[PDB]
Amino acid sequence: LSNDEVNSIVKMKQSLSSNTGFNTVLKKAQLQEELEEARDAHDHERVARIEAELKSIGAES
Amino acid sequence: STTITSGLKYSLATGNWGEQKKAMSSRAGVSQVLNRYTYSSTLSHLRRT
Amino acid sequence: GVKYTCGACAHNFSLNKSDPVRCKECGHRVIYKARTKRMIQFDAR
Amino acid sequence: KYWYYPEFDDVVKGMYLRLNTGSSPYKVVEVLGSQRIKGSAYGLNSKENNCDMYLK
Amino acid sequence: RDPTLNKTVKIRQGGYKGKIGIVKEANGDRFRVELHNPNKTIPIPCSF
Amino acid sequence: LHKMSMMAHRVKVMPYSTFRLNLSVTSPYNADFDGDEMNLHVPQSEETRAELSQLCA
Amino acid sequence: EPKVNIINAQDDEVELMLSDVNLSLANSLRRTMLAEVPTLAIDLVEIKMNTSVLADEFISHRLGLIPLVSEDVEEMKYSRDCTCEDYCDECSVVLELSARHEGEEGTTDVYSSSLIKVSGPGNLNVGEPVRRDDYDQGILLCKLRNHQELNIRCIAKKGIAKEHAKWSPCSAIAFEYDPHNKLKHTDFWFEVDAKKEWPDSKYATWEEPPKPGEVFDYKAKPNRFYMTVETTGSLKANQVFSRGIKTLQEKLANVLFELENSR
Amino acid sequence: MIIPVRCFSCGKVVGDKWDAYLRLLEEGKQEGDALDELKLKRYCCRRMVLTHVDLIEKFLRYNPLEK
Amino acid sequence: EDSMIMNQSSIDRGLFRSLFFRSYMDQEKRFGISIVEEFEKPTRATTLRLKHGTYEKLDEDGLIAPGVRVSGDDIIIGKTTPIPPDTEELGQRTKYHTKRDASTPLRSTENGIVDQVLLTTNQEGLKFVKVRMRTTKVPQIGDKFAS
Amino acid sequence: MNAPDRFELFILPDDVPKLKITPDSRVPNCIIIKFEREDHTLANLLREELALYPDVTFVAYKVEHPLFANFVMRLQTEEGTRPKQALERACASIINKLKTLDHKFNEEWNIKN
RNA sequence: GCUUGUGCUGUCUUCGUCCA
Ligand SMILES: [Mg+2]
Ligand SMILES: [Zn+2]
Ligand SMILES: [Zn+2]
Ligand SMILES: [Zn+2]
């Protein structure tokens, strides 16, 4: 397989990916980074949506 | 973009606090490898002057 | 020909010395070799 | 091992394989094609083996 | 050309009975076998 | 520091991995057993062996 | 002439008093019980799979220290003295352990009760790991979480505590004589008064304290010895004592045979 | 890392008393009373259970490398 | 004179016993447009100036596998670098040296068990391996202790 | 690395005799006995048993080095008695003492069982 | 008769060990 084919297969399985702890942690980190970017831009509307999404994704055990 | 990147990386990697072509006369030993032999040694190293 | 294990999802696979070093299913860049099949014996001392 | 290959669609075309009828006498079926079905992810071999490929 | 070189071997007699090793030196009638159990290499006759 | 820091001893082969000294010679060497290391040099000739056994013993 | 008097008796420890024997004989008996009575212990570990967080040799060392029942170890032979190629049933006991955690939550403890005896000498009561009761889980060997498995095969051999401490049947042998110091074998350090600064021995009531007007007796020798033998469970206390005596007798008989055959 | 099988000094088996020790401490017993109830007389044995730090509970929190 | 006496039976029961790990690193360097190093098990025929150790513990990809006991001077990473061929193509039946050995041997004074082998790609996209070796060090005469 | 095998403390090589006896000519009727693969356990027992015999005028032992498992014993008897006979008598006497000790312990254990 | 495999930089820097 080529590198591009590997990336395509990984994206396909990510679309198929229901949940994975490593991927959930990565998604939460990316969401936190996006939230701080929105905070620095004084966007009070996006930050509410990002906070709601973070609350929904979180609550681990 | 390579200028700042290489300068910072070189100074942090080697400990010579200055430009790469002025290694002589620069203050050496500023950056050191973290001591990880035991937890107390790491804590002591992080608070050294 | 030789097995490998991903560093994140712990998925077993194999490589043919020509594929890119990558997990097939999660695309992680770090993989580990699997344990040898030889006998391992210890002296219990 | 090979269902996610782009060429696997044409590879599986025309192949003969043992199939579980379910309604079990195993029989042979002829592959008229494949069709990806989103939202129909199913366990293929284990719980983690999610698959969206379908064989017509 | 010493076909038993670099081959897994087991000891059947002496003070190391039943220990797995690998043959390292095969001059003759005295084989040097490294032991997997401790980190050492010992001489041993071929009959053993 | 002085010429008693190099003296010629007689070898006795022993197990384990440390040099062993009678404790009376720890004074001229200024040595103790808290981690010190010492150097050993082997003569390679009859003349040199005689010199060591007759002068530096 | 020698006498034995038992104070307390149990399966794991016996507290007895020896008398009319020399101090050397009692000390030699103590040393023999500590380091020359043969027992059975795991000596080789073949690790077929170990995905636990502990190192392979960590678990091997832990296994070697587990006490195994060694009642009939006399019938068993030493590994180096058995002419059989590899190991037979007459010079080794094979135990097998297989542990696994099922489910994606919780932690599984691996105990010594999981060690299953696979092969050994016929009808000999040896090899089984020692258990305090029928419901005692035993020594904790390892811990496992989901998808971690431990699968090993261990071989137990006969040996003495001189070679390695794992073959020692005893734990600690308390040894004591002359509680009141009539022989003056020790000189008591003190600050003000040596009598009230030193605790009384636990056997001080077993001997009459010296009279205030008594003179020193230079003709006396230590005569009564108090010793407690504690075992790890591989051997009973009486078995340890009797086998120590027998081992000492065998050693002396070997010396006698060497002397008689020397001429 | 995990409770030693034998006491270092004398050799008494203390590896089977960790769970019982934790159970006793759970019920409110003091450490000295808990050690006495397990029949650990010599202080050489008492230091083994008293000063043991259980690190395997921290190593087990890492995701296993295989499945 | 600052020595001390230790109980052998306590050492046997695990007193002051410890675990030792050492890691080795190696990577494939790029010297030109098509001059690359390769992780492989070098052969006595196609390569020249081999190390005096043994290459029999290497796998097909030139990397040792975890769980294998290693000794001093053994080869744990097999690497070769290309060399311009000589005039040996005269009459050699393909048995002419085209590569030079650049293998990584284990340290001469050390031995242990291969604990974990890591294979990945560096920043430049070339192969990159790390091998960790494990051994146990038991106290003995000469080891330093302190209160 | 240089640590010897632990079984060398008690396992006797074939070429090494268990018991070598050489006379001590400096004093009359004296022998020097070299025990191999033995330690204080047998030595102290034998020494304190022999010290009580009226016909034994000198008995002693020493372990030259703790790292080697052997000891050497010096024995010197009266004119009438050969030292080796005294050593044999000591061995037999200690064996009888141990035998009666074992018998008495078995009796007491059965009584208190 | 298929016959066995011998070779390693260099320069800085830092942190340590034993005396002092
Ligand atoms: Mg010093
Ligand atoms: Zn993966
Ligand atoms: Zn056998
Ligand atoms: Zn203890």
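Residues numbered from 1 in each chain as written, not as in the entry; some residues may be left out. Chains lettered and ligands numbered in written order. Part of a larger assembly, values for the part shown. Heavy atoms only, no water.

A. Fine view of the packing of aromatic side chains. All told, the structure shown has 18 aromatic pairs over all chains when counted by the stated rule. Ring geometry for G:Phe241 and J:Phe105: centres 4.6 Å apart, planes at 35°, overall tilted. Remark: J:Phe105 occurs in helix 2 (residues 83-112) and G:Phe241 occurs in helix 3 (residues 237-262); the pair is interchain, linking two chains. Each member of the pair, G:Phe241 as well as J:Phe105, is classed as buried. (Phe/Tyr/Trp six-rings, centres within 6.5 Å; stacked < 30°, edge-to-face > 60°. Helix = DSSP H or I, 4+ residues; strand = E, 2+ residues; numbered from the N terminus. Buried < 20%, exposed > 50% of the residue type's maximum accessible area, 1.4 Å probe, protein only.)

B. Examining the UniProt feature "binding site: Zn(2+) 1" (unreviewed entry) in chain C more closely. Residues and elements named next belong to chain C. Taking the UniProt record as the reference, the feature "binding site: Zn(2+) 1" (unreviewed entry) is found at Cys6, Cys9, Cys23, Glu25 and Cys26. With the annotated positions falling across 21 residues, the maximum pairwise C-alpha distance of 9.3 Å places them together in a single cluster. Relative to the helices and strands, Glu25 resides in the loop between strand 2 (12-15) and strand 3 (30-33). Here the side chain of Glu25 touches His11 through a polar contact of 3.1 Å, side chain to side chain. Summarising the element assignment, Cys26 is placed in the loop between strand 2 and strand 3. Relative accessible area serves as the criterion here: at 25%, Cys26 is assigned to the partly exposed category. (UniProt positions renumbered as here; feature names shortened; annotations may be inferred. Polar contact = N/O pair within 3.5 Å; in protein donor to acceptor, adjacent residues only side chain to side chain.)

C. Examining the packing of helix 1 (residues 40-50) of chain J against helix 2 of chain J more closely. All names here are of chain J. Contact geometry for helix 1 and helix 2: axes closest at 10 Å, N-to-C directions at 105°. With respect to their mutual orientation, helix 1 and helix 2 come out roughly perpendicular. Between helix 1 and helix 2, the residues in contact are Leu45, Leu46, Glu49 and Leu50 and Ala86, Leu87, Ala90, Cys91, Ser93, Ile94 and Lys97, respectively. For the contact of helix 1 with helix 2, the class distribution of residues is eight nonpolar, one polar and two charged. (Axes fitted to C-alpha atoms, helices over the stretch in contact; angles between N-to-C directions. Parallel < 35°, antiparallel > 145°, perpendicular 65-115°, else oblique. Contact = heavy atoms within 4.5 Å. Nonpolar A, V, L, I, M, F, W, Y, C, P; charged D, E, K, R; others polar.)

D. Unusual backbone geometry, seen in detail. A positive phi angle is found at C:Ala44, which is not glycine, with a value near 55°. Look at C:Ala44 and you get buried, because its relative accessible area is 2%.

E. Here's a closer look at the arrangement of the chains. Between chains G and J lies the most contact-rich interface of the 17 pairs of chains that touch. When C-alpha atoms are compared, chain B and chain E, though not in contact, are closest at a spacing of 25 Å.

F. How the structure looks around the coordination of the zinc ion (ligand 2). All names here are of chain C. For the zinc ion (ligand 2), the full set of protein donor atoms is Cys6 (SG), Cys9 (SG), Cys23 (SG) and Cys26 (SG), at a range of 2.3 Å. With four donor atoms in place around the zinc ion (ligand 2) and angles of 103 to 111° between them, the coordination shape is tetrahedral. All donors of the zinc ion (ligand 2) come from a single chain, and their spacing in sequence reads C-x2-C-x13-C-x2-C. Here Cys9, found in the loop between strand 1 (2-6) and strand 2, pairs with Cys26, found in the loop between strand 2 and strand 3; they are 17 residues apart in sequence, far enough to count as distant. Taking relative accessible area as the criterion, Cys9 reaches 18% and is therefore assigned buried. (Donors = N, O, S within 2.8 Å, 3.2 Å for Na, K, Ca; no water. Tetrahedral: all angles 85-135°; square planar, octahedral: opposite > 155°, others 65-115°.)

G. Representation of the interface of chain G and chain J within the structure. Facing 42 residues of chain G, the contacting portion of chain J comprises 39 residues. The junction of chain G with chain J conceals about 4,100 Å² of combined surface from both sides, 69% of it contributed by carbon and sulfur atoms. Together, G:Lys162, G:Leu252 and G:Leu259 form the three largest contributors to the area buried by chain G at its contact with chain J, with a combined 17%. Across the contact surface, chain G and chain J share three salt bridges. For G:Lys251, the salt bridge is made with J:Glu38, and the minimal N-O distance between the two is 3.7 Å. (Buried area = accessible area lost by both parts, 1.4 Å probe. Salt bridge = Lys/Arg side-chain N within 4 Å of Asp/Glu carboxyl O.)

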